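Here's the structure, in structure tokens; my notes come after.
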Amino acid sequence: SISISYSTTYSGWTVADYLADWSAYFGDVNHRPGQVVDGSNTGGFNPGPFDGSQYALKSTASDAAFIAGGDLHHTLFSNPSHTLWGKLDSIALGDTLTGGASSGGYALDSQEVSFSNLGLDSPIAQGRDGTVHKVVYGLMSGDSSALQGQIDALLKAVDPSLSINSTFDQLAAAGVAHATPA
Ligand code: HEM
């Protein structure tokens with residue numbers, strides 16, 4: 001089942017409110033045709049260059065950042081082009097991205113919330129319609145809607161009374177979330 005980690009700072013927030021606010025602040029990195037600048041709005045893979053166990057991206061305007069973890073593959077110019085696919089196990093949100101391929105991995109200096117055991121598996125043939133792609137490209141674009149939808153389904157599968165409209169404290173009482181120090 002989904003497992004959620006959250007700083008006690010967010011104990012009284014709903015998941016939906018936290019994610020809406022986090023993504024709005026992160027913003028859109030404008031990873032779109034004509035606007036991609038390597039080292040500015042591409043993010044990076046570990047070990048990379050275009051595959052690995054992590055993909056991480058910091059905002060173009062502040063130190064907010066996220067890390068996607070799993071077994072990830074990116075097609076770049078190969079068909080179907082510009083698709084992230086593979087197995088997505090986790091999304092960690094916070095600020096101050098540390099590490100990189102030269103460090104052996106990425107980590108957030110201030111991890112606010114993480115969602116693990118996501119169990120999302122997207123074949124390459126689904127291209128940009130795959131869930132893995134939509135979740136991560138959404139986050140790159142400042143839009144947590146796809147992530148919210150996947151969390152909501154995982155929470156309902158535990159119990160239909162649980163949803164993205166539950167608070168982190170409610171999800172902890174329900175056995176799917178645990179707090180970390182502020
Ligand atoms: C090392 C990481 C990455 C690099 C170097 C990279 C590079 C690029 C480049 C060069 C373009 C084309 C810009 C243009 O046509 O002018 C592009 C577009 C795009 N990339 Fe990436 N990308 C990276 C990561 C990702 C990831 C992780 C995703 C998805 C989760 C993604 C999804 C897309 C999409 C959807 C487009 C737009 C394609 C279109 O509308 O034609 N990219 N990227």
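Indexing begins at 1, ligand by ligand and atom by atom, following the structure's order. Along the sequence shown, the residues carry numbers beginning at 1. For the numbers below, each heavy atom of this structure counts, side chains included, while hydrogens, waters and symmetry mates do not.
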Exercise. So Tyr10 and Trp13, would you call those rings parallel, tilted or perpendicular, with 30° and 60° as cut-offs?
Worked result: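 Answer is perpendicular, since the angle exceeds 60°.
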
Exercise. Which of parallel (below 30°), tilted (30 to 60°) and perpendicular (above 60°) describes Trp22 and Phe66?
Worked result: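 The rings of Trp22 and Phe66 stand perpendicular, inter-plane angle above 60°.
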
Could you check whether any side-chain N or O of [X] sits under 3.5 Å from a backbone N or O of [Y], counting only pairs where one atom can act as donor and the other as acceptor?
X: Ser59; Y: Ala61; answer: yes
X: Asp152; Y: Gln148; answer: no
X: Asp95; Y: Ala65; answer: no

Exercise. Side-chain contact, heavy-atom cut-off 4.5 Å: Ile2 with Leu155?
Worked result: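 Yes; the side chains approach each other to less than 4.5 Å.
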
Exercise. Heavy atoms, side chains only, cut-off 4.5 Å: are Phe115 and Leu93 in contact?
Worked result: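 Sidechains of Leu93 and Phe115: in contact.
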
For this session: Take atom 21 (Fe) of ligand 1 and tell me which protein N, O or S atoms are nearer than 2.8 Å.
Result: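 Metal shell, protein only: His31 NE2.
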
For this session: For atom 15 (O) of ligand 1, find the nearest protein heavy atom and state the residue, atom name and distance (0.1 Å precision).
Result: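 Of every protein heavy atom, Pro33 CA, 3.8 Å lies nearest to atom 15 (O) of ligand 1.
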
Exercise. Looking only at side chains, do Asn41 and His31 share a donor and an acceptor under 3.5 Å apart?
Worked result: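 There is no such pair between these side chains.
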
Exercise. Just which atoms of ligand 1 are under 4.0 Å from any heavy atom in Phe50?
Worked result: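 That gives atoms 1 (C), 5 (C) of ligand 1.
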
Exercise. Atoms of ligand 1 less than 4.0 Å from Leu84 heavy atoms?
Worked result: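 The list of qualifying atoms is 29 (C), 30 (C).
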
For this session: Using distance alone, determine whether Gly34 and ligand 1 share an N or O pair under 3.5 Å.
Result: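 There is such a contact, yes.
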
